[PDB]
Amino acid sequence: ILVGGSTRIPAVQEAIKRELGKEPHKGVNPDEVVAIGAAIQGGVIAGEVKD
Amino acid sequence: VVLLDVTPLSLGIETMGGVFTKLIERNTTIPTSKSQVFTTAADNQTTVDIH
């Protein structure tokens with residue numbers, strides 16, 4: 001994955017996947033990526049009641 | 001013929017976390033269908049599972 005808005009960098013990126021498996025995951029806008037996750041799991045937490 | 005003139009069991013579904021209400025009873029001539037409409041467990045049910 002990736003996070004950390006400073007992470008969008010030429011050399012970090014270039015220098016990672018190569019020492020690693022496939023292409024680093026993208027497009028989720030890192031500086032919020034985490035907050036995004038939060039909200040998702042919250043949405044789910046409200047979506048409990050199925051009766 | 002006049003066969004499969006009976007229903008194996010009372011069929012109903014999952015209310016209020018499992019409380020079971022009948023629509024179909026037992027003994028019922030098989031070529032039939034009964035219909036009923038429930039509503040929301042709780043405000044804003046984004047989705048409903050059926051059991």
# chains A, B, ... in the order shown; residues from 1 in each chain; ligands from 1
>>> residues_around(residues="residue 5 (chain B)", least_positions_apart="3", cutoff="8 Å", atoms="only C-alpha atoms", output="PDB file with N, CA and C atoms, in the first residue's frame")
ATOM      1  N   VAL B   2     -54.847 -35.263  -8.363  1.00  0.00           N
ATOM      2  CA  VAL B   2     -55.158 -34.625  -7.085  1.00  0.00           C
ATOM      3  C   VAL B   2     -54.034 -34.971  -6.087  1.00  0.00           C
ATOM      4  N   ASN B  27     -49.783 -28.328   5.780  1.00  0.00           N
ATOM      5  CA  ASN B  27     -50.960 -28.983   5.156  1.00  0.00           C
ATOM      6  C   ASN B  27     -51.510 -28.356   3.852  1.00  0.00           C
ATOM      7  N   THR B  28     -50.930 -27.218   3.454  1.00  0.00           N
ATOM      8  CA  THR B  28     -51.481 -26.366   2.391  1.00  0.00           C
ATOM      9  C   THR B  28     -51.213 -26.831   0.970  1.00  0.00           C
ATOM     10  N   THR B  29     -52.280 -26.853   0.185  1.00  0.00           N
ATOM     11  CA  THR B  29     -52.188 -27.338  -1.168  1.00  0.00           C
ATOM     12  C   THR B  29     -50.983 -26.612  -1.802  1.00  0.00           C
ATOM     13  N   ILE B  30     -50.068 -27.392  -2.377  1.00  0.00           N
ATOM     14  CA  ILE B  30     -48.753 -26.906  -2.843  1.00  0.00           C
ATOM     15  C   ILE B  30     -48.720 -25.847  -3.961  1.00  0.00           C
TER      16      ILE B  30
END
>>> residues_around(residues="region 28-41 of chain A", least_positions_apart="6", cutoff="10 Å", atoms="only C-alpha atoms", output="count of residues only")
9
>>> closest_atom_pairs(of="chain B", to="chain A", cutoff="12 Å", atoms="only C-alpha atoms", output="CSV")
residue,atom,partner,partner_atom,distance
B:13,CA,A:51,CA,10.4
B:14,CA,A:51,CA,7.3
B:15,CA,A:51,CA,6.0
B:16,CA,A:51,CA,5.5
B:17,CA,A:51,CA,5.9
B:18,CA,A:51,CA,8.3
B:19,CA,A:51,CA,10.0
B:20,CA,A:51,CA,11.6
B:38,CA,A:51,CA,9.6
B:39,CA,A:51,CA,8.9
B:40,CA,A:51,CA,7.2
B:41,CA,A:51,CA,4.7
B:42,CA,A:49,CA,6.5
B:43,CA,A:49,CA,9.1
B:44,CA,A:47,CA,8.3
B:45,CA,A:49,CA,6.6
B:46,CA,A:47,CA,6.2
B:47,CA,A:50,CA,6.8
B:48,CA,A:50,CA,4.8
B:49,CA,A:50,CA,5.5
B:50,CA,A:50,CA,8.1
B:51,CA,A:51,CA,9.3
>>> write_last_selection(atoms="C-alpha atoms", output="PDB file, in the first residue's frame")
ATOM      1  CA  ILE B  13     -39.147 -15.746   8.200  1.00  0.00           C
ATOM      2  CA  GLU B  14     -36.823 -13.829  10.449  1.00  0.00           C
ATOM      3  CA  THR B  15     -38.446 -11.008  12.431  1.00  0.00           C
ATOM      4  CA  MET B  16     -36.947  -9.098  15.288  1.00  0.00           C
ATOM      5  CA  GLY B  17     -33.733 -11.114  15.373  1.00  0.00           C
ATOM      6  CA  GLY B  18     -35.162 -14.526  14.708  1.00  0.00           C
ATOM      7  CA  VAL B  19     -38.723 -14.393  16.084  1.00  0.00           C
ATOM      8  CA  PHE B  20     -40.472 -16.515  13.502  1.00  0.00           C
ATOM      9  CA  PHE B  38     -42.490  -5.980   6.404  1.00  0.00           C
ATOM     10  CA  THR B  39     -40.656  -2.658   6.982  1.00  0.00           C
ATOM     11  CA  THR B  40     -37.513  -1.202   8.666  1.00  0.00           C
ATOM     12  CA  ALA B  41     -35.831  -2.726  11.642  1.00  0.00           C
ATOM     13  CA  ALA B  42     -34.270   0.574  12.558  1.00  0.00           C
ATOM     14  CA  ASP B  43     -34.086   4.072  11.116  1.00  0.00           C
ATOM     15  CA  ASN B  44     -31.921   4.246   8.009  1.00  0.00           C
ATOM     16  CA  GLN B  45     -31.577   0.540   7.316  1.00  0.00           C
ATOM     17  CA  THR B  46     -29.287   0.855   4.348  1.00  0.00           C
ATOM     18  CA  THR B  47     -29.923  -2.716   3.535  1.00  0.00           C
ATOM     19  CA  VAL B  48     -31.924  -5.763   4.630  1.00  0.00           C
ATOM     20  CA  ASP B  49     -30.915  -9.387   4.858  1.00  0.00           C
ATOM     21  CA  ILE B  50     -33.588 -12.080   4.615  1.00  0.00           C
ATOM     22  CA  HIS B  51     -33.685 -15.313   6.666  1.00  0.00           C
TER      23      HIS B  51
END
>>> atom_distance(atom1="CA of residue 11 (chain B)", atom2="CA of residue 24 (chain B)")
4.8 Å
>>> select_by_dssp(residues="chain B", states="strand (DSSP E or B)", output="list in words")
residues 11, 12, 13, 14, 15, 19, 20, 21, 22, 23 and 24 of chain B
>>> select_by_dssp(residues="chain A", states="helix (DSSP H, G or I)", output="PyMOL selection string")
chain A and resi 5-7+10-19+30-46
>>> atom_distance(atom1="CA of residue 3 (chain B)", atom2="CA of residue 31 (chain B)")
10.3 Å
>>> atom_distance(atom1="CA of residue 6 (chain B)", atom2="CA of residue 33 (chain B)")
13.2 Å
>>> decode(residues="region 28-42 of chain A", atoms="N, CA and C atoms", output="compact mmCIF listing (two decimals), in the first residue's frame")
# COMPACT_ATOMS: atom_id res chain seq x y z
N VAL A 28 -5.57 6.44 -4.00
CA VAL A 28 -6.20 6.74 -2.74
C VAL A 28 -5.35 7.90 -2.28
N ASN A 29 -5.96 9.01 -1.89
CA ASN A 29 -5.14 10.19 -1.72
C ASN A 29 -4.53 10.20 -0.35
N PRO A 30 -3.25 9.89 -0.29
CA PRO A 30 -2.66 9.40 0.94
C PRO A 30 -2.92 10.27 2.16
N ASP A 31 -2.71 11.57 2.06
CA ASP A 31 -2.82 12.40 3.25
C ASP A 31 -4.15 12.18 3.96
N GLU A 32 -5.18 11.80 3.21
CA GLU A 32 -6.40 11.33 3.85
C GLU A 32 -6.62 9.84 3.84
N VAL A 33 -5.76 9.08 3.19
CA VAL A 33 -6.13 7.69 2.96
C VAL A 33 -6.72 7.11 4.23
N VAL A 34 -6.00 7.33 5.32
CA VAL A 34 -6.37 6.76 6.62
C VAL A 34 -7.76 7.21 7.08
N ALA A 35 -7.98 8.51 7.10
CA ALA A 35 -9.29 9.04 7.46
C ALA A 35 -10.39 8.41 6.60
N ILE A 36 -10.10 8.23 5.32
CA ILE A 36 -11.01 7.53 4.42
C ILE A 36 -11.35 6.21 5.07
N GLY A 37 -10.34 5.40 5.40
CA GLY A 37 -10.61 4.11 6.04
C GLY A 37 -11.54 4.18 7.24
N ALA A 38 -11.25 5.15 8.09
CA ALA A 38 -12.07 5.37 9.26
C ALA A 38 -13.46 5.37 8.79
N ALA A 39 -13.80 6.44 8.08
CA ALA A 39 -15.18 6.65 7.73
C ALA A 39 -15.81 5.39 7.16
N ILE A 40 -15.08 4.67 6.32
CA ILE A 40 -15.64 3.44 5.73
C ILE A 40 -16.15 2.55 6.85
N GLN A 41 -15.23 2.12 7.70
CA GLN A 41 -15.59 1.24 8.82
C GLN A 41 -16.72 1.80 9.69
N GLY A 42 -16.81 3.12 9.79
CA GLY A 42 -17.91 3.73 10.52
C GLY A 42 -19.21 3.47 9.78
